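See below for structure.txt, which holds compact mmCIF, C-alpha atoms and all ligand atoms.
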```
# COMPACT_ATOMS: atom_id res chain seq x y z
CA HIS G 3 16.80 -15.04 -9.25
CA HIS G 4 13.35 -13.74 -8.21
CA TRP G 5 12.84 -10.05 -7.36
CA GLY G 6 13.56 -8.31 -4.10
CA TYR G 7 14.89 -5.08 -2.62
CA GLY G 8 18.55 -5.99 -2.42
CA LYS G 9 21.55 -4.78 -4.41
CA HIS G 10 21.28 -7.59 -6.94
CA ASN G 11 17.52 -7.93 -7.42
CA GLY G 12 16.15 -4.54 -6.36
CA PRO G 13 13.87 -1.99 -8.10
CA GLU G 14 16.59 -1.02 -10.66
CA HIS G 15 16.71 -4.65 -11.91
CA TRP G 16 12.92 -5.25 -12.06
CA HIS G 17 12.57 -4.04 -15.65
CA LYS G 18 14.51 -7.07 -16.94
CA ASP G 19 11.73 -9.51 -16.07
CA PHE G 20 8.89 -6.99 -15.95
CA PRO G 21 9.20 -4.61 -18.95
CA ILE G 22 6.16 -2.65 -17.71
CA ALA G 23 8.55 -1.19 -15.11
CA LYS G 24 9.43 1.56 -17.61
CA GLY G 25 5.77 2.09 -18.44
CA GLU G 26 3.78 5.29 -18.86
CA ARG G 27 1.73 5.08 -15.64
CA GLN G 28 4.10 3.64 -13.00
CA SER G 29 3.90 4.26 -9.23
CA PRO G 30 4.86 5.61 -6.77
CA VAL G 31 5.40 9.26 -7.73
CA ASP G 32 6.39 12.43 -5.91
CA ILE G 33 3.40 14.67 -5.10
CA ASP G 34 4.34 18.30 -5.92
CA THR G 35 1.64 20.12 -3.89
CA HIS G 36 2.00 23.36 -5.83
CA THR G 37 1.38 21.55 -9.14
CA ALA G 38 -1.62 19.38 -8.15
CA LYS G 39 -4.88 20.76 -9.54
CA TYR G 40 -7.75 21.33 -7.14
CA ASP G 41 -10.65 19.62 -8.90
CA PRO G 42 -13.97 20.72 -7.31
CA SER G 43 -15.94 18.01 -9.13
CA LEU G 44 -14.22 15.29 -7.08
CA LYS G 45 -16.72 13.86 -4.57
CA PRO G 46 -15.91 13.00 -0.92
CA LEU G 47 -14.52 9.52 -0.25
CA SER G 48 -16.93 6.98 1.17
CA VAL G 49 -15.21 4.41 3.40
CA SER G 50 -17.56 1.71 4.74
CA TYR G 51 -15.52 -0.81 6.76
CA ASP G 52 -18.08 -1.54 9.54
CA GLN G 53 -18.68 -5.13 8.40
CA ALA G 54 -15.01 -5.96 7.55
CA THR G 55 -13.92 -9.53 8.21
CA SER G 56 -10.19 -10.04 8.63
CA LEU G 57 -8.98 -13.64 8.44
CA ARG G 58 -5.25 -14.08 8.30
CA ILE G 59 -1.88 -12.38 8.49
CA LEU G 60 0.96 -13.67 6.36
CA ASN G 61 4.63 -12.99 5.78
CA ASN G 62 5.08 -13.35 2.00
CA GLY G 63 8.80 -12.62 1.70
CA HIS G 64 8.48 -8.90 0.86
CA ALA G 65 5.97 -7.51 3.41
CA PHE G 66 3.20 -8.82 5.65
CA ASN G 67 -0.41 -8.83 4.43
CA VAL G 68 -3.55 -8.85 6.57
CA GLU G 69 -6.20 -10.59 4.40
CA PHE G 70 -9.96 -10.00 4.45
CA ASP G 71 -13.02 -11.96 3.36
CA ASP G 72 -13.93 -10.33 -0.01
CA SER G 73 -16.60 -12.84 -1.04
CA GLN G 74 -19.23 -10.17 -0.31
CA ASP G 75 -19.47 -6.38 -0.10
CA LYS G 76 -18.31 -6.35 3.53
CA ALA G 77 -15.78 -3.51 3.49
CA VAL G 78 -15.99 -1.16 0.51
CA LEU G 79 -14.65 2.09 -0.89
CA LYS G 80 -16.85 4.30 -3.08
CA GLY G 81 -16.92 7.98 -3.93
CA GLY G 82 -14.00 10.25 -4.67
CA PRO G 83 -12.57 9.66 -8.21
CA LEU G 84 -14.18 6.21 -8.37
CA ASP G 85 -16.98 4.76 -10.44
CA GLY G 86 -18.56 1.67 -8.93
CA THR G 87 -17.82 -0.29 -5.77
CA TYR G 88 -14.39 -1.56 -4.72
CA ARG G 89 -13.98 -4.35 -2.08
CA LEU G 90 -11.11 -4.49 0.41
CA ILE G 91 -8.98 -7.58 -0.15
CA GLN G 92 -5.83 -6.87 1.94
CA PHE G 93 -3.59 -4.24 3.54
CA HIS G 94 0.23 -4.12 3.94
CA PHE G 95 2.99 -1.62 4.72
CA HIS G 96 6.28 -0.46 3.22
CA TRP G 97 8.87 0.81 5.72
CA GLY G 98 12.49 1.71 6.18
CA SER G 99 15.58 0.85 8.16
CA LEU G 100 15.59 4.40 9.53
CA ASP G 101 12.74 6.78 10.49
CA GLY G 102 13.57 9.18 7.67
CA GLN G 103 12.68 6.77 4.90
CA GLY G 104 10.17 4.06 4.16
CA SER G 105 7.24 5.57 2.26
CA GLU G 106 6.90 4.95 -1.48
CA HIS G 107 5.07 8.20 -2.37
CA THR G 108 6.69 11.45 -1.27
CA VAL G 109 5.13 14.90 -0.71
CA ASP G 110 7.28 17.74 -2.10
CA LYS G 111 10.24 15.26 -1.91
CA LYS G 112 9.53 14.47 1.78
CA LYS G 113 9.81 10.75 2.69
CA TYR G 114 7.81 9.35 5.62
CA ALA G 115 8.71 6.46 7.98
CA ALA G 116 6.32 4.05 6.27
CA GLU G 117 3.23 3.81 4.11
CA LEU G 118 0.03 1.77 4.54
CA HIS G 119 -1.71 0.42 1.44
CA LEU G 120 -5.33 -0.72 1.59
CA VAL G 121 -5.92 -2.68 -1.66
CA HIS G 122 -9.48 -2.80 -3.14
CA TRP G 123 -10.81 -4.31 -6.40
CA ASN G 124 -13.65 -3.17 -8.66
CA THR G 125 -16.64 -5.45 -8.01
CA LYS G 127 -17.72 -5.03 -11.65
CA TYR G 128 -14.97 -7.54 -12.51
CA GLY G 129 -16.10 -10.52 -10.40
CA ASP G 130 -12.72 -11.39 -8.90
CA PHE G 131 -9.30 -9.93 -8.21
CA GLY G 132 -7.59 -11.77 -11.04
CA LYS G 133 -9.98 -10.29 -13.61
CA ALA G 134 -9.69 -6.80 -12.08
CA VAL G 135 -5.93 -6.77 -12.73
CA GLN G 136 -6.60 -7.02 -16.49
CA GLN G 137 -8.44 -3.65 -16.49
CA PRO G 138 -7.21 0.01 -16.37
CA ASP G 139 -9.63 0.78 -13.55
CA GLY G 140 -9.57 -2.57 -11.76
CA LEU G 141 -7.89 -1.51 -8.53
CA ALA G 142 -8.08 1.34 -6.03
CA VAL G 143 -5.36 1.61 -3.37
CA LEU G 144 -5.78 3.91 -0.37
CA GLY G 145 -2.36 5.12 0.79
CA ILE G 146 -1.72 6.48 4.27
CA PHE G 147 1.60 7.92 5.47
CA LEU G 148 3.05 6.94 8.87
CA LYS G 149 5.00 9.55 10.85
CA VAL G 150 6.96 8.64 13.99
CA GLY G 151 5.51 10.18 17.12
CA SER G 152 2.89 8.94 19.55
CA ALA G 153 1.61 5.37 19.50
CA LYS G 154 -1.40 4.39 17.39
CA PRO G 155 -3.64 2.20 19.67
CA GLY G 156 -5.28 0.48 16.69
CA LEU G 157 -1.99 -0.72 15.19
CA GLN G 158 -0.88 -2.53 18.36
CA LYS G 159 -2.78 -5.75 17.59
CA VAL G 160 -0.86 -6.05 14.32
CA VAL G 161 2.41 -5.37 16.18
CA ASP G 162 1.82 -8.14 18.81
CA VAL G 163 1.34 -11.02 16.35
CA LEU G 164 4.40 -10.20 14.19
CA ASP G 165 6.44 -12.57 16.39
CA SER G 166 4.50 -15.58 15.10
CA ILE G 167 5.03 -14.74 11.40
CA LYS G 168 8.72 -13.85 11.55
CA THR G 169 9.86 -15.71 8.42
CA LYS G 170 8.82 -16.06 4.78
CA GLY G 171 5.81 -18.35 4.44
CA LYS G 172 4.49 -18.23 8.02
CA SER G 173 0.94 -17.06 8.65
CA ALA G 174 -1.33 -16.77 11.69
CA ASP G 175 -5.09 -16.63 12.08
CA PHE G 176 -6.02 -12.94 12.41
CA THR G 177 -9.71 -12.48 13.08
CA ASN G 178 -11.79 -9.54 14.21
CA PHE G 179 -9.33 -6.77 13.26
CA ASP G 180 -11.03 -3.41 12.53
CA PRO G 181 -9.20 -1.45 9.82
CA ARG G 182 -11.06 1.73 10.89
CA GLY G 183 -8.49 2.18 13.63
CA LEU G 184 -5.82 2.90 10.99
CA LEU G 185 -7.57 5.90 9.45
CA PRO G 186 -6.52 9.55 10.00
CA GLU G 187 -9.11 12.15 11.06
CA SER G 188 -9.53 13.81 7.63
CA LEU G 189 -10.22 12.15 4.33
CA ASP G 190 -8.72 14.92 2.13
CA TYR G 191 -6.67 13.30 -0.66
CA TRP G 192 -4.64 13.51 -3.91
CA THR G 193 -5.48 11.16 -6.78
CA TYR G 194 -3.75 10.03 -9.98
CA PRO G 195 -3.76 6.94 -12.27
CA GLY G 196 -0.87 4.55 -11.62
CA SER G 197 0.30 0.98 -10.99
CA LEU G 198 1.11 -1.68 -8.38
CA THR G 199 4.47 -0.81 -6.83
CA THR G 200 5.83 -4.39 -6.80
CA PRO G 201 6.03 -6.95 -9.62
CA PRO G 202 4.04 -7.61 -11.75
CA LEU G 203 3.66 -3.75 -11.67
CA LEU G 204 0.28 -3.81 -13.49
CA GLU G 205 -0.97 -0.35 -14.49
CA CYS G 206 -4.43 -0.97 -13.15
CA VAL G 207 -4.58 1.38 -10.16
CA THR G 208 -6.42 4.55 -9.19
CA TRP G 209 -4.29 5.96 -6.42
CA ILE G 210 -5.98 7.82 -3.53
CA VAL G 211 -3.30 9.20 -1.20
CA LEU G 212 -4.44 10.79 2.08
CA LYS G 213 -3.07 14.24 2.93
CA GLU G 214 -3.05 13.61 6.71
CA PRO G 215 -0.54 11.03 8.01
CA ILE G 216 -1.06 8.82 11.09
CA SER G 217 1.45 8.75 13.95
CA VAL G 218 3.08 5.57 15.26
CA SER G 219 5.57 5.15 18.10
CA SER G 220 9.23 4.37 17.59
CA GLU G 221 8.61 1.04 19.37
CA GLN G 222 5.77 0.15 16.99
CA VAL G 223 7.85 0.67 13.82
CA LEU G 224 10.83 -1.06 15.46
CA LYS G 225 8.83 -4.31 15.55
CA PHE G 226 8.18 -4.17 11.75
CA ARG G 227 11.98 -4.09 11.35
CA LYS G 228 12.41 -7.41 13.20
CA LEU G 229 10.72 -9.45 10.42
CA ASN G 230 12.70 -11.57 7.97
CA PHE G 231 12.75 -11.62 4.16
CA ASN G 232 14.18 -15.19 4.44
CA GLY G 233 12.39 -18.44 5.33
CA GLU G 234 12.92 -20.51 8.51
CA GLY G 235 16.38 -22.07 8.43
CA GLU G 236 17.99 -19.74 5.85
CA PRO G 237 20.52 -17.01 6.81
CA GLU G 238 18.88 -13.89 8.29
CA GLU G 239 18.09 -10.81 6.17
CA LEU G 240 16.02 -8.23 8.08
CA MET G 241 12.90 -7.05 6.25
CA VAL G 242 13.64 -3.32 5.90
CA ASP G 243 13.58 -0.83 3.03
CA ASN G 244 10.92 -2.78 1.09
CA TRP G 245 10.01 0.36 -0.88
CA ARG G 246 10.29 1.41 -4.54
CA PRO G 247 11.76 4.85 -5.47
CA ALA G 248 9.45 7.54 -6.98
CA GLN G 249 8.87 7.11 -10.76
CA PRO G 250 8.53 9.73 -13.56
CA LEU G 251 5.09 11.38 -13.72
CA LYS G 252 5.21 11.48 -17.55
CA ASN G 253 1.91 12.66 -19.06
CA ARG G 254 -0.26 12.57 -15.92
CA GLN G 255 -1.88 15.06 -13.60
CA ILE G 256 -2.35 14.76 -9.85
CA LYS G 257 -5.69 16.16 -8.76
CA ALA G 258 -6.42 17.32 -5.19
CA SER G 259 -9.77 17.21 -3.42
CA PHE G 260 -8.85 20.27 -1.30
CA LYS G 261 -7.44 23.78 -1.82
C1 LIG U 301 -0.31 -9.04 -7.84
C2 LIG U 301 -0.96 -10.11 -6.92
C3 LIG U 301 -0.37 -10.03 -5.51
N1 LIG U 301 0.27 -8.63 -5.33
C4 LIG U 301 -0.70 -7.66 -4.89
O1 LIG U 301 -1.86 -8.02 -4.72
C5 LIG U 301 -0.29 -6.37 -4.65
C6 LIG U 301 -1.22 -5.42 -4.21
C7 LIG U 301 -0.83 -4.08 -3.94
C8 LIG U 301 0.51 -3.65 -4.11
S1 LIG U 301 0.83 -2.17 -3.79
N2 LIG U 301 2.07 -2.06 -2.95
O2 LIG U 301 0.99 -1.41 -5.01
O3 LIG U 301 -0.24 -1.61 -3.05
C9 LIG U 301 1.48 -4.61 -4.57
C10 LIG U 301 1.08 -5.96 -4.84
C11 LIG U 301 -0.68 -11.54 -7.49
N3 LIG U 301 -1.24 -11.70 -8.82
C12 LIG U 301 -0.65 -11.26 -9.95
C13 LIG U 301 -1.53 -11.62 -11.08
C14 LIG U 301 -2.55 -12.22 -10.53
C15 LIG U 301 -3.70 -12.79 -11.11
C16 LIG U 301 -4.68 -13.40 -10.28
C17 LIG U 301 -4.50 -13.46 -8.88
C18 LIG U 301 -3.34 -12.89 -8.30
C19 LIG U 301 -2.36 -12.27 -9.12
HG HG U 302 -4.61 -3.34 -15.94
ZN ZN U 303 2.00 -1.63 -1.10
```
Could I get this structure in the form of structure tokens?
Ligand SMILES: C[C@H](CNC(=O)c1ccc(S(N)(=O)=O)cc1)Cn1ccc2ccccc21
Ligand SMILES: [Hg+2]
Ligand SMILES: [Zn+2]
Amino acid sequence: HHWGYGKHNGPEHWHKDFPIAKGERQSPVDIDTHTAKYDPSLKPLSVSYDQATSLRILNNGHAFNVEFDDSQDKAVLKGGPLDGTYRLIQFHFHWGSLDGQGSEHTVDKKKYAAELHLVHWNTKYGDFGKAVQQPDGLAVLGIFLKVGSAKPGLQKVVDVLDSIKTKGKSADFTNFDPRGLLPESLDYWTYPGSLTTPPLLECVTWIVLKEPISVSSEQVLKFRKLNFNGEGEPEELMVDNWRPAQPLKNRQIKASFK
């Protein structure tokens, strides 16, 4: 009854309602660094988030999303392996119950504490719903989170989590700058894939950053206090909302560095 990350409705059961789960370009995948091909024709990423307008934070039952105003080219991603402009629509995280797990993508089999996904859609398609019907409709920027020192810029997200504890709750979230979540270097790996949660549409160009960001134990602890359940229902902590690495099949992971 509806998908989730539990024993009875987790990733291994998703294929029953979403056949694309066993597709040819499914994500996430394991990044074998010795097998990725350095492609010198890849251009540098162009992240322009100076005019980004955040609006709301919401607990949707499987993660929390910070939504942005995408009615205009306010925050965009260009360059790299991309053709055209992609607008930021929302960002969310995947994390674990323990510090040694939580990321969806892995590097040489290494799992990180969590993973940030900044979701963008190709402006050529007019709206998000149209973009998901195209093989190059989405671009998701993935950033790994390692446990260590606190990340100043993530604290604002951490503070409001108390007001969106259960499924369905949302809170106004204005003036948040997503530039505070970026690592120092923009070196990345790229490959064609899919959304990592149902409907699992194979419409994504994945751009995974080599350099992870550090967050304090206390910061990730707060993510773990959220609920999958709605107000009133029995409590199920929102942890381990990540999908296991999928088969690479006939794809190649290119690297923008050597
Ligand atoms: C998928 C969409 C809501 N889900 C996502 O946007 C989404 C984005 C990124 C990831 S991840 N973790 O890979 O980065 C997972 C889910 C709903 N939706 C489905 C069809 C559809 C059509 C029009 C409007 C909304 C629609
Ligand atoms: Hg698609
Ligand atoms: Zn995600």
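The nearest approach to ligand HG 302 (chain U) among the residues G:256, G:148, G:229, G:142, with only C-alpha atoms and all ligand atoms taken into account, belongs to G:142.
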**Which of G:162, G:238, G:75, G:139 sits closest to ligand HG 302 (chain U) [using all atoms listed in the file]** =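 Checking each candidate against ligand HG 302 (chain U), we get G:139 as the closest.
In this comparison, which uses only C-alpha atoms and all ligand atoms, the residue of G:62, G:199, G:173, G:43 approaching ligand ZN 303 (chain U) most closely is G:199.
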**Fill in**
For ligand LIG 301 (chain U), the closest of G:182, G:24, G:4, G:64 counting only C-alpha atoms and all ligand atoms is G:64
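Picture a line from CA of residue 84 in chain G to CA of residue 41 in chain G; it runs 13.9 Å.
Between CA of residue 149 in chain G and CA of residue 191 in chain G the separation is 16.8 Å.
One distance worth recording is that between CA of residue 79 in chain G and atom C12 of ligand LIG 301 (chain U), which is 21.4 Å.
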8 Å shell around ligand LIG 301 (chain U) using all atoms listed in the file, listed as an mmCIF file with C-alpha atoms, keeping the file's coordinate frame:
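Full text of part.cif as output:
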```cif
data_model
loop_
_atom_site.group_PDB
_atom_site.id
_atom_site.type_symbol
_atom_site.label_atom_id
_atom_site.label_comp_id
_atom_site.auth_asym_id
_atom_site.auth_seq_id
_atom_site.Cartn_x
_atom_site.Cartn_y
_atom_site.Cartn_z
ATOM 1 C CA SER G 29 3.900 4.260 -9.230
ATOM 2 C CA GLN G 92 -5.830 -6.870 1.940
ATOM 3 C CA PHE G 93 -3.590 -4.240 3.540
ATOM 4 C CA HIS G 94 0.230 -4.120 3.940
ATOM 5 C CA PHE G 95 2.990 -1.620 4.720
ATOM 6 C CA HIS G 96 6.280 -0.460 3.220
ATOM 7 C CA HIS G 119 -1.710 0.420 1.440
ATOM 8 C CA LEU G 120 -5.330 -0.720 1.590
ATOM 9 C CA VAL G 121 -5.920 -2.680 -1.660
ATOM 10 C CA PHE G 131 -9.300 -9.930 -8.210
ATOM 11 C CA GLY G 132 -7.590 -11.770 -11.040
ATOM 12 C CA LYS G 133 -9.980 -10.290 -13.610
ATOM 13 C CA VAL G 135 -5.930 -6.770 -12.730
ATOM 14 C CA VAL G 143 -5.360 1.610 -3.370
ATOM 15 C CA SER G 197 0.300 0.980 -10.990
ATOM 16 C CA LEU G 198 1.110 -1.680 -8.380
ATOM 17 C CA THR G 199 4.470 -0.810 -6.830
ATOM 18 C CA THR G 200 5.830 -4.390 -6.800
ATOM 19 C CA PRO G 201 6.030 -6.950 -9.620
ATOM 20 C CA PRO G 202 4.040 -7.610 -11.750
ATOM 21 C CA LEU G 203 3.660 -3.750 -11.670
ATOM 22 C CA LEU G 204 0.280 -3.810 -13.490
#
```
**Message:** Under the rule that all atoms listed in the file are counted, which of G:147, G:194, G:114, G:231 is the nearest residue to residue 168 in chain G?
**Reply:**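 Smallest distance to residue 168 in chain G is found for G:231.
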**residue 130 in chain G environment, 12 Å, all atoms listed in the file, sequence neighbours closer than 2 positions dropped, as a VMD selection string** = chain G and resid 72 to 74 88 to 91 122 to 125 127 to 128 132 to 137 140 to 141
**Prompt:** Out of G:117, G:101, G:52, G:19, which residue has the shortest atom-to-atom distance to ligand ZN 303 (chain U) when counting all atoms listed in the file?
**Reply:**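 Ranking G:117, G:101, G:52, G:19 by distance to ligand ZN 303 (chain U), first place goes to G:117.
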**Request:** Name all residues at most 12 Å from range 46-51 of chain G (count all atoms listed in the file; drop same-chain ones fewer than 2 positions away) and give them as JSON, numbers by chain.
**Result:** {"G": [41, 42, 43, 44, 53, 54, 55, 56, 70, 71, 72, 75, 76, 77, 78, 79, 80, 81, 82, 83, 84, 85, 86, 87, 88, 89, 90, 91, 120, 122, 142, 144, 179, 180, 181, 182, 183, 184, 185, 188, 189, 190, 191, 192, 193, 210, 211, 212, 258, 259, 260]}
Residues as selected, C-alpha atoms, written as a CSV table (one decimal), in the frame of the given file, can you do that?
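For reference, selection_17.csv as written:
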```
chain,number,residue,atom,x,y,z
G,41,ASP,CA,-10.6,19.6,-8.9
G,42,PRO,CA,-14.0,20.7,-7.3
G,43,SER,CA,-15.9,18.0,-9.1
G,44,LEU,CA,-14.2,15.3,-7.1
G,53,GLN,CA,-18.7,-5.1,8.4
G,54,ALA,CA,-15.0,-6.0,7.6
G,55,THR,CA,-13.9,-9.5,8.2
G,56,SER,CA,-10.2,-10.0,8.6
G,70,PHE,CA,-10.0,-10.0,4.4
G,71,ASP,CA,-13.0,-12.0,3.4
G,72,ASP,CA,-13.9,-10.3,0.0
G,75,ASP,CA,-19.5,-6.4,-0.1
G,76,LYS,CA,-18.3,-6.4,3.5
G,77,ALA,CA,-15.8,-3.5,3.5
G,78,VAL,CA,-16.0,-1.2,0.5
G,79,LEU,CA,-14.6,2.1,-0.9
G,80,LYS,CA,-16.8,4.3,-3.1
G,81,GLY,CA,-16.9,8.0,-3.9
G,82,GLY,CA,-14.0,10.2,-4.7
G,83,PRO,CA,-12.6,9.7,-8.2
G,84,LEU,CA,-14.2,6.2,-8.4
G,85,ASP,CA,-17.0,4.8,-10.4
G,86,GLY,CA,-18.6,1.7,-8.9
G,87,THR,CA,-17.8,-0.3,-5.8
G,88,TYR,CA,-14.4,-1.6,-4.7
G,89,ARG,CA,-14.0,-4.4,-2.1
G,90,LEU,CA,-11.1,-4.5,0.4
G,91,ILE,CA,-9.0,-7.6,-0.2
G,120,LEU,CA,-5.3,-0.7,1.6
G,122,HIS,CA,-9.5,-2.8,-3.1
G,142,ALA,CA,-8.1,1.3,-6.0
G,144,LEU,CA,-5.8,3.9,-0.4
G,179,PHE,CA,-9.3,-6.8,13.3
G,180,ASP,CA,-11.0,-3.4,12.5
G,181,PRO,CA,-9.2,-1.4,9.8
G,182,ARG,CA,-11.1,1.7,10.9
G,183,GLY,CA,-8.5,2.2,13.6
G,184,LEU,CA,-5.8,2.9,11.0
G,185,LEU,CA,-7.6,5.9,9.4
G,188,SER,CA,-9.5,13.8,7.6
G,189,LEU,CA,-10.2,12.2,4.3
G,190,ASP,CA,-8.7,14.9,2.1
G,191,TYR,CA,-6.7,13.3,-0.7
G,192,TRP,CA,-4.6,13.5,-3.9
G,193,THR,CA,-5.5,11.2,-6.8
G,210,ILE,CA,-6.0,7.8,-3.5
G,211,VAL,CA,-3.3,9.2,-1.2
G,212,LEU,CA,-4.4,10.8,2.1
G,258,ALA,CA,-6.4,17.3,-5.2
G,259,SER,CA,-9.8,17.2,-3.4
G,260,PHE,CA,-8.8,20.3,-1.3
```
